[PDB]
Protein chains: 2
Amino acid sequence: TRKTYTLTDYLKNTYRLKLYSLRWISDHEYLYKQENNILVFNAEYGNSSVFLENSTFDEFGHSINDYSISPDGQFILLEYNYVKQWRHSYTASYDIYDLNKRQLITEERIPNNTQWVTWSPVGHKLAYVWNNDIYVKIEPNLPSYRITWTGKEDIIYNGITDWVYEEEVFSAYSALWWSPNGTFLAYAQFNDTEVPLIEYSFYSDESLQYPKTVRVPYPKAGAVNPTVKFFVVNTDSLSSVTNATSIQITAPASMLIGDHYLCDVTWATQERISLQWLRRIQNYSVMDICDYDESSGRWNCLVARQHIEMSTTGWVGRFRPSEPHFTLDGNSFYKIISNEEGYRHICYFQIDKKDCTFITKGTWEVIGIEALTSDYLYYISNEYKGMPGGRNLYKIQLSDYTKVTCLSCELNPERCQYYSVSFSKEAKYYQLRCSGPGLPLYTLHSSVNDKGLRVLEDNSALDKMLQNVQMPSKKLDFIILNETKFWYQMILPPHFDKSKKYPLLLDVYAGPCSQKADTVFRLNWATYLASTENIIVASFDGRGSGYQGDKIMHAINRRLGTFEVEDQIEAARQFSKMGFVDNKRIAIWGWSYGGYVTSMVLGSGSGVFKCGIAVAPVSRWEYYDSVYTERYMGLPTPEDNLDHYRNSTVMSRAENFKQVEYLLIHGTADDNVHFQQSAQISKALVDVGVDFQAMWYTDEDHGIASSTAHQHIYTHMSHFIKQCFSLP
Amino acid sequence: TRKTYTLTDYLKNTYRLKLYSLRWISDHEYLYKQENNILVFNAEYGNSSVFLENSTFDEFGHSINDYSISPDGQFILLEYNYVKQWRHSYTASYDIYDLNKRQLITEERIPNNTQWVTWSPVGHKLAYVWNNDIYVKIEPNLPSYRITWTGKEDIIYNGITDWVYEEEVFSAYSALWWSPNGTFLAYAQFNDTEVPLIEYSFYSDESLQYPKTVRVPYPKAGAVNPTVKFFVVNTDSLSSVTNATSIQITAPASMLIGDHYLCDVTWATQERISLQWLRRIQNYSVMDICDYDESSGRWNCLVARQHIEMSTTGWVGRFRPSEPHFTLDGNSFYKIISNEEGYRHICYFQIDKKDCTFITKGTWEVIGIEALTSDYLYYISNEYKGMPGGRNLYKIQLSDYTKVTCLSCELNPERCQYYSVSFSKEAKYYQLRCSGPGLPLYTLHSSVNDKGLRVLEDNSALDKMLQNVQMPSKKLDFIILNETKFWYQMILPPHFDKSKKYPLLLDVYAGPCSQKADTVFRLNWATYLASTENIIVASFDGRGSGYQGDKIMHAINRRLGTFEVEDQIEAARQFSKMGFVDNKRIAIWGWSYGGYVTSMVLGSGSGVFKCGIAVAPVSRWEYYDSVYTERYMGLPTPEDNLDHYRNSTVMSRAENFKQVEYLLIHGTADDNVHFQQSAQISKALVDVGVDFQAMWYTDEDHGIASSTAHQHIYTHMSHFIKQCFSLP
Ligand SMILES: CC#CCn1c(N2CCC[C@@H](N)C2)nc2c1c(=O)nc1n2CCCN1Cc1nc(C)c2ccccc2n1
Ligand SMILES: CC#CCn1c(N2CCC[C@@H](N)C2)nc2c1c(=O)nc1n2CCCN1Cc1nc(C)c2ccccc2n1
Ligand SMILES: *[C@@H]1O[C@H](CO)[C@@H](O[C@@H]2O[C@H](CO)[C@@H](O)[C@H](O)[C@H]2NC(C)=O)[C@H](O)[C@H]1NC(C)=O
Ligand SMILES: *[C@@H]1O[C@H](CO)[C@@H](O[C@@H]2O[C@H](CO)[C@@H](O)[C@H](O)[C@H]2NC(C)=O)[C@H](O)[C@H]1NC(C)=O
Ligand SMILES: *[C@@H]1O[C@H](CO)[C@@H](O[C@@H]2O[C@H](CO)[C@@H](O)[C@H](O)[C@H]2NC(C)=O)[C@H](O)[C@H]1NC(C)=O
Ligand SMILES: *[C@@H]1O[C@H](CO)[C@@H](O[C@@H]2O[C@H](CO)[C@@H](O)[C@H](O)[C@H]2NC(C)=O)[C@H](O)[C@H]1NC(C)=O
Ligand SMILES: *[C@@H]1O[C@H](CO)[C@@H](O[C@@H]2O[C@H](CO)[C@@H](O)[C@H](O)[C@H]2NC(C)=O)[C@H](O)[C@H]1NC(C)=O
Ligand SMILES: *[C@@H]1O[C@H](CO)[C@@H](O[C@@H]2O[C@H](CO)[C@@H](O)[C@H](O)[C@H]2NC(C)=O)[C@H](O)[C@H]1NC(C)=O
Ligand SMILES: *[C@@H]1O[C@H](CO)[C@@H](O[C@@H]2O[C@H](CO)[C@@H](O)[C@H](O)[C@H]2NC(C)=O)[C@H](O)[C@H]1NC(C)=O
Ligand SMILES: *[C@@H]1O[C@H](CO)[C@@H](O)[C@H](O)[C@H]1NC(C)=O
Ligand SMILES: *[C@@H]1O[C@H](CO)[C@@H](O)[C@H](O)[C@H]1NC(C)=O
Ligand SMILES: *[C@@H]1O[C@H](CO)[C@@H](O)[C@H](O)[C@H]1NC(C)=O
Ligand SMILES: *[C@@H]1O[C@H](CO)[C@@H](O)[C@H](O)[C@H]1NC(C)=O
Ligand SMILES: *[C@@H]1O[C@H](CO)[C@@H](O)[C@H](O)[C@H]1NC(C)=O
Ligand code: NA
């Protein structure tokens, strides 16, 4: 008899997905790390040469975290002493190695505790941030030019984001944007002076006698936000004698009237930059297009080149206004925007014209624009077979919009329904990455005639291993609620028998623009629950879910904790009526927004769920950050949306937990969803005399991701679900 | 069939013990509250009158928390706006009511947020502490005189204790002492400038958007301690001089050589005060006896009147050096000290002679000196029947020490074996308070002839109620280990049958000078466990326990987490040897020091215990306060006792927890045993992959005493014990 996929298999990563992570360095070559050696591959033929031997740094004296080869291939940036900060931020030490003279550069080294470093896009200039100030190195062995002098820990951030911009706006620590050929360096400056601090204890190793208090400028909903300024510096006119002059680009008048954000920076040409600004009430955004004036050294943003993007039904963009993709001359661009039917499609803009022309249309959405040439635009969409949870690459002929070709749809329809893509420098080649429903498949293609050059990685080794395991299956289907189709997935146990009743676990996210029903192949906790424990693990995309148009997405506008909560209950009610589901054994679980929805469901008094687990849940919107919360909720003021902020808490539902078994888990050092959120849930449950199970994770953050805490949490949750379902 | 004593009976306090709380106002009268009316009783005859009708403050506008009548009976101090701080400290608002005029005083009111207030011992002067400075009011309606100007929040404390002195030294917030007739006001000043702060989050009501960080000067083991100064001011000079001088009394040279504490303040006469000082290495203490010098206005402490108290085997006193009881003329005093055999007995001293005379002796101990007259000294001891867990009142003739009468031993020997006493102002009457083994019994007696005047409260109403309940019984006995008697108690289920095997729960304290085997009657969680669940709840007093001499008490000197832990394991083995214990169902639990011992036992690898519960445990001695920890452990330095501090942590035993079921509980706002202590236990368990159960209590302190949290904790623990013992 063959083995099942066990909890130890998941926790010890027994069955590994192989990847093929390449780095394009030109229109024809890519870098690939093989056996700690870095190889260069020719895309046309697939032949390679060793670029950097793994032994080169055997005598380095430090464990190298990562490497970054300069665009010209002359230098390599060596990252070490990595110290994680938030989701994207970290500090590290850096050394530069000259690849031509085969030596480490010992002169004018990048300092220790560097916050961010990046090569220019061409050549080998460097820009780095240290102690919140920007520095530029024209040559790796030469002294740095100090760009900013205002940097102050937790107050002034130059060229790096503060907590909320890192997490919610840029999904990055960097706030530096080099011009295409590296002449200019654009940067944002954030000012957190009046932003309140979240404070929490950090216990550290047992040797620390007194716990430390961590203090982070973090704006909760309605609190004072950071302010932002934007600048551009010419790196070709830097002096060792004079301080660098940064030219400020001010936000338009429509933004300066009140609180606002900088939400996108995209260079158009060597002398043209586009910026998008968003109002704090996130349903109005403005793009400025700014040109360098050689005679005055100034950057001018013509009012005739402004582009307004607004929404009457919700917020702008999926999580923020989309990025423009400019043509070679920068006189026009392509951008995904919500059409008049509420579906996100590609619109073609002229820099000086208000009206844009939609180039795609239909009841499906463009996910992202991937590459642009003079003849074609390449994009990913969920058009294929009307499956919102599938993704394919398409190209559209720019001279005739009726000519749309799917490039990935028919490559392997049974194995591959979810693709991402990586194009070479001028789109001569593309790597397709299939992530499901079958095992991931990486292939290389040439754009001229869409030739399928070669298979890069097909996971045939994992396929051989999985043949000896009783693996679960995945069913992707839909239910109809008020004439609308809503999709769900079920992770089904091996040898699934529709005549038998299985316990069911509802795995929830259900936040705005979420998608939990898709064609992706995953090896996770749900795999173990289905394979070993014979539990069906279901997920449902109801109102507020993404990639299906604004009628669905904006259904929860100004109303979090309403329809998306009701829809998870309705899906389980419908699944409970299916002949293969044991209605006495339905559970629910989620992390983050999914933890909030799980808690709201468990306190709804529906009677559908026996038990559930919330991990690091939001419990009250006033506790969460301004950028994410206000995007959907507006402001917690009597004149705006305070009543709904007050009616959407988990704490108000405490009495309804009397009829369920609840497990509440939270890391004590969570800088994102503060431990406070779960501390208020437990206090509300104690106040009404409801018993429940709890677990805190000392010094773990939102990820509960340390090796030992990851193993402990899944072990604890597994015991809980098994007890709930009467499983030995 | 009679009902059992259920968990709801305990939690809802259905079966209530009646008390008889009187307040002596003179040598022959006491105040007592009946139906919210304050009555005044004549002790000789038992007749009463309404002192203050319950209607008096109906139109006050605030709920009155407490009251204090001035010694002269002219005024009443009304306490309201009570806001609890630590174990003893709190702030409140106060109004004074003129009893003669039957009018509330509206001018020169005691300010809001007053920290401490006390009448003088005679008349009606008041001393109070506000914003860490001392003030004196000669008359209730007249302006205050400011005594100190140095008070500073968390830094300088005048007339009030800091955290550590409140908790570990004085067991009181007050640090002021009026002279017997109120002429002088003595006070201590604490300086916490360099004392490190414990910091923790306080979440508050759900309306609070950002958690507050509570910061308290708290010296952990070996950290910088507060410093102390002592002053005496002449309150009779206040209305005559602009700024009356506070005369400092400095500590002796033997104390000034290093860190020290002020540990006792006792006035001897109108012009003589005694002070006891203790070295930071708590095995050396010095008493100074200081006289007012009328010519110089200074206080002088003659070296011929200095008394040294030291210990070669342990620390000085049970928890601190004992207080002296002076004869009327202040030329001699009585004090409890450890004799040559290590038993605490009453010693009689002349103020200027170094050798004292023991007036009691034997293999038993004096617990406290209760009253002293010109002819007799009254004390409580555990002499009766050689039972260390019993307490009786004795009277010794000062002109003939062979004449010792037991005043309470034979009053009701079956019902009453644990007494406390309350004497009238000049010891003319005494109230005896019997607390077990039967129901509490309160009686009044005349000192002139030792006759019983009347029964004040016999708990007959509760006795009638308990007749219809299947109550557990209590066994108090001893086991002989290494030729030493060690006492234990067992709460036995109703209809206890020694031919049956019962599950056993070991209820642990086991700290130095602890006593868990006694004759007190209690209605608590153990009552429910034995009555409803048929669990034997046992407690054992092993090495380190109190009231049995220093050979037992000092056995754990410099070695906490050793013999007292081993002795609890041995006790459970000895209980199994008795034949009525199911060896497969032995559990252990404790709170505070008991929580540390429970955790050390569960991590010992003994195999004796199936499960256990630790509530707010100490986990590492370096995390606990200096005064308590260092008393037994010395300093955590390589030269002193660091090796043992490092060897006695719970965390080092984590791997052994794989053999047991553990439940760890802690209040997040515990200022005493910091949440840090359990946060370090959980992290060590996660690190070795041990599954366990946990529960935090938001904003609860060391007592987990709010009505809702108290009910929640005992409910949670009851489910855990029942699950461990396979009880439905
Ligand atoms: C509070 C909150 C929130 C909303 N939120 C956001 N946004 C946009 C990015 C910045 C962020 N501040 C807010 N992305 C989110 C979520 C979320 O709740 N859950 C997820 N994702 C994306 C990753 C996948 N999941 C779901 C998820 N997340 C975790 C952590 C899981 C852990 C184990 C198993 C499944 C999991 N599934
Ligand atoms: C850490 C530590 C410690 C030692 N400690 C001390 N000393 C002297 C007073 C100042 C203090 N800082 C240190 N008194 C203590 C204890 C203790 O561990 N347990 C107790 N008592 C006295 C009352 C009864 N119990 C046992 C008990 N049993 C229950 C059920 C409790 C419940 C809530 C709070 C305390 C409890 N305590
Ligand atoms: C980064 O940190 C290292 C170590 O602190 C610095 O390297 C030298 O290292 C030794 C100890 O490892 C010290 O005695 C010296 O003070 C260090 N200084 C020099 C100038 O060699 C190193 O210099 C730091 N790097 C930068 C760029 O500041
Ligand atoms: C990158 O682009 C910049 C801006 O277009 C180029 O700088 C200009 O170069 C021409 C020389 O042919 C001069 O006439 C301009 O005055 C320069 N402009 C500025 C703003 O400095 C630059 O040479 C390009 N660099 C590379 C390496 O291609
Ligand atoms: C942006 O959204 C806000 C809030 O929904 C809209 O505000 C108007 O102003 C207040 C709400 O604060 C109400 O009196 C109106 O009913 C709102 N208009 C609506 C709901 O249509 C604001 O109009 C929105 N901006 C755009 C461009 O749609
Ligand atoms: C207890 O009873 C005694 C005696 O009846 C009361 O004492 C006083 O007795 C004298 C006898 O001449 C009466 O004139 C008074 O009525 C009593 N004086 C006062 C000041 O009350 C005594 O009052 C009673 N005590 C209480 C507290 O009611
Ligand atoms: C409380 O103790 C602190 C020291 O812990 C004293 O502060 C010092 O005061 C002197 C003036 O006599 C200064 O020269 C020092 O700079 C201070 N040191 C620190 C560490 O603050 C303080 O004076 C004491 N206060 C009282 C009222 O006794
Ligand atoms: C009362 O007397 C005390 C003791 O002299 C004064 O306290 C001094 O105040 C001054 C500044 O105002 C400081 O320089 C000294 O360090 C203080 N000493 C002590 C021991 O506290 C106090 O200010 C006087 N009050 C009035 C109203 O004069
Ligand atoms: C309380 O005791 C104090 C201290 O003995 C008394 O004050 C002294 O009284 C004598 C007269 O008996 C004078 O010689 C001294 O000058 C006083 N000393 C001080 C320091 O004030 C006081 O009179 C007693 N109070 C009462 C109300 O009896
Ligand atoms: C690949 O092969 C071609 C010749 O056929 C050669 O020009 C080139 O250097 C090779 N590229 C690499 C990256 O090894
Ligand atoms: C940051 O903002 C504050 C106002 O909140 C202003 O005082 C300060 O000058 C700013 N600093 C910089 C460098 O812009
Ligand atoms: C550059 O600016 C900084 C900060 O204001 C100043 O300290 C420094 O003297 C300046 N250097 C020159 C060359 O002007
Ligand atoms: C105490 O506070 C109340 C309300 O703020 C105020 O009306 C009253 O005057 C205060 N009492 C004193 C003695 O300051
Ligand atoms: C006090 O204790 C310390 C540490 O045990 C010791 O070195 C010193 O001799 C002690 N004093 C007495 C009187 O035993
Ligand atoms: Na091919």
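We number each residue from 1, going along the chain as drawn.
Placement of Cβ uses the backbone N, Cα and C atoms for every residue, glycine included.
For reference, Swiss-Prot has these:
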CARBOHYD  B:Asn47  N-linked glycosylation site
CARBOHYD  B:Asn54  N-linked glycosylation site
CARBOHYD  B:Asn112  N-linked glycosylation site
CARBOHYD  B:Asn181  N-linked glycosylation site
CARBOHYD  B:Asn191  N-linked glycosylation site
CARBOHYD  B:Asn243  N-linked glycosylation site
CARBOHYD  B:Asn283  N-linked glycosylation site
DISULFID  B:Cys290-B:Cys301  disulfide bond
DISULFID  B:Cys347-B:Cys356  disulfide bond
DISULFID  B:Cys406-B:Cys409  disulfide bond
DISULFID  B:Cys416-B:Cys434  disulfide bond
CARBOHYD  B:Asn482  N-linked glycosylation site
ACT_SITE  B:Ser592  active site, charge relay system
DISULFID  B:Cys611-B:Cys724  disulfide bond
CARBOHYD  B:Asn647  N-linked glycosylation site
ACT_SITE  B:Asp670  active site, charge relay system
ACT_SITE  B:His702  active site, charge relay system
Q: Measure from the Cα of B:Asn54 (N-linked glycosylation site) to the Cα of every one of the active-site residues B:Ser592, B:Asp670, B:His702, then give the nearest.
A: B:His702
Q.
Neighbour count, 10 Å Cβ-Cβ cut-off, for B:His702 (active site, charge relay system): what number do you get?
A. 20
Q: Starting from the Cβ of B:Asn243 (N-linked glycosylation site), draw a 10 Å sphere and report how many other Cβ atoms land inside it.
A: 10
Q. B:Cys290, B:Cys347, B:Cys409, B:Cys434, B:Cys611: which of these disulfide-bonded residues has the highest Cβ count within 10 Å of its own Cβ?
A. B:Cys434
(Q) Return only the integer: C-alpha distance in Å from B:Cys290 (disulfide bond) to B:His702 (active site, charge relay system). (A) 39
Q.
Counting Cβ atoms within 10 Å of each candidate's own Cβ, which of the disulfide-bonded residues B:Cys406, B:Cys416 comes out highest?
A. B:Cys416
**Q.** Cβ contacts of B:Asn283 (N-linked glycosylation site) (under 8 Å, same chain, 6 or more positions away)
**A.** B:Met310, B:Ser311, B:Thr312, B:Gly314, B:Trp315, B:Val316
Q) Can you tell which of the recorded positions (B:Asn181, B:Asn191, B:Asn482, B:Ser592) has the fewest other C-beta atoms within 10 angstroms of its C-beta? A) B:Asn482
Q: Using C-alpha positions only, work out which of the recorded positions B:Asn482, B:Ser592, B:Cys724 is nearest to B:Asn47 (N-linked glycosylation site).
A: B:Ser592
Q) Of all the disulfide-bonded residues given, B:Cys301, B:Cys356, which residue's CB has the most CB neighbours within 10 A? A) B:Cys301
Q. So of B:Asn47, B:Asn112, B:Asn647, which of the glycosylation sites has the fewest other Cβ atoms within 10 Å around its own Cβ?
A. B:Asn47
Q) Given the recorded positions B:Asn54, B:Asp670, which one's Cβ is surrounded by the fewest other Cβ atoms within 10 Å? A) B:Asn54
Q. In terms of DSSP three-state secondary structure, what is the assignment for B:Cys611 (disulfide bond)?
A. strand
Q: May I ask which residues of the same chain, at least 6 positions away in sequence, place their Cβ under 8 angstroms from the Cβ of B:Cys724 (disulfide bond)?
A: B:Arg585, B:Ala587, B:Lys610, B:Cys611, B:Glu661
Q. B:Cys301 (disulfide bond) to B:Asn647 (N-linked glycosylation site): how many Å between their Cα atoms?
A. 44
Q.
With DSSP assignments reduced to helix, strand and coil, which class does B:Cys290 (disulfide bond) get?
A. strand
Q: Using DSSP with the three-state reduction, classify B:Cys724 (disulfide bond) as helix, strand or coil.
A: helix
Q | Assigned element (helix, strand, coil) containing B:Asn181 (N-linked glycosylation site), judged by DSSP | A | coil
Q. For B:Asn647 (N-linked glycosylation site), what is the secondary structure by DSSP, using just helix, strand and coil?
A. helix
Q. Taking just the CA atoms, what is the gap between B:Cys406 (disulfide bond) and B:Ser592 (active site, charge relay system) in Å?
A. 36
(Q) Give me the CA-CA distance between B:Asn482 (N-linked glycosylation site) and B:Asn647 (N-linked glycosylation site), in Å, as a whole number. (A) 26
Q) Taking the recorded positions B:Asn243, B:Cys301, B:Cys347, B:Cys416, B:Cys434, B:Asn482, which residues show a Cβ-atom distance to ligand 8 below 6 Å? A) B:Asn243
